[PDB]
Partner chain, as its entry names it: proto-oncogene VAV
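Take a look at this one chain, the form deposited without the partner chain, written out in structure tokens.
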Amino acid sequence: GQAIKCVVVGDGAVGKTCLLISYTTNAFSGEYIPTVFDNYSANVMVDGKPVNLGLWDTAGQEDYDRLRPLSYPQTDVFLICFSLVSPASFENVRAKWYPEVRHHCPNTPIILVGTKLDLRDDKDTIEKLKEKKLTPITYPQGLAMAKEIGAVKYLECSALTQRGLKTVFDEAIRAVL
């Protein structure tokens, strides 16, 4: 029944594509193949209602900055994604993604999505960020970023384990219905 265009943006290698592949097909590959542009689809049921969810997977890489806004018109909801184990990808939520999205789409709801949850509390990945004086992004920190960018929701997920995965898209839909 209801068509909903959801566009997915965020830094190169945060897990945009994996998130969408894991959700639509239940697969996960460890291999990194940088997106140019891809389209996904899902027929979902949310709070009683049938939804045709269109999923626009954009290129995270800087080289695509002039092309990426071509995808923006008519968007119903954005997911702005960052990796929970990349503080730099997190800063870019506010330094790059929020301003870019808002530049072309002043009113479209934003869901902030922290990705790679399976690594956030991983004892080992913590010590390995600690060398570079880095710390994974915690839940309240993510919450505070969502408020800072006026996001409708803050959600955390893992494409690998699928923890928090369905909610991301339920809530993307709920922000539109």
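Numbering follows the first chain given and starts at 1.
Per the entry, higher mean C-alpha B factor between 138-146 and 44-52: Comparing averages over the C-alpha atoms only gives 44-52.
Mean C-alpha B factor from the entry: is it higher for 148-156 or for 116-124? Looking at the recorded C-alpha B-factors, 116-124 comes out higher on average.
Splitting the chain's C-alpha B-factors into thirds, which one does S22 fall into? Its C-alpha B-factor, which the entry lists for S22, ranks in the middle third among residues of this chain.
Splitting the chain's C-alpha B-factors into thirds, which one does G30 fall into? Answer is highest: the recorded C-alpha B-factor places it there.
Looking at the C-alpha B-factor of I110, is it in the lowest, middle or highest third of its chain? Ranked within chain, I110 CA B lands in the lowest tercile.
Would you please rank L177 by its C-alpha temperature factor against the other modelled residues of its chain and give the third it falls in: lowest, middle or highest? Answer is highest: the recorded C-alpha B-factor places it there.
Taking the values exactly as deposited, rank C6 by C-alpha B-factor within its chain and report the matching third: lowest, middle or highest. Middle third, going by the recorded CA B-factors of the chain.
Another form, the form deposited with the partner chain bound, is not on view; read the next lines as being about it.
Site check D38, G60 and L70: each within 4.5 Å of the partner chain in the bound PDB entry by heavy atom: Every listed residue reaches the partner chain in the bound PDB entry, so yes.
My question is simply whether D65 lines the interface with the partner chain in the bound PDB entry - judged by any non-hydrogen atom within 4.5 Å. Judged by the heavy-atom cut-off of 4.5 Å, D65 is in contact with the partner chain in the bound PDB entry.
So in the bound PDB entry, is the partner chain close enough to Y139 to count as touching (4.5 Å, heavy atoms)? Because no heavy atom of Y139 falls inside 4.5 Å of the partner chain in the bound PDB entry, the answer is no.
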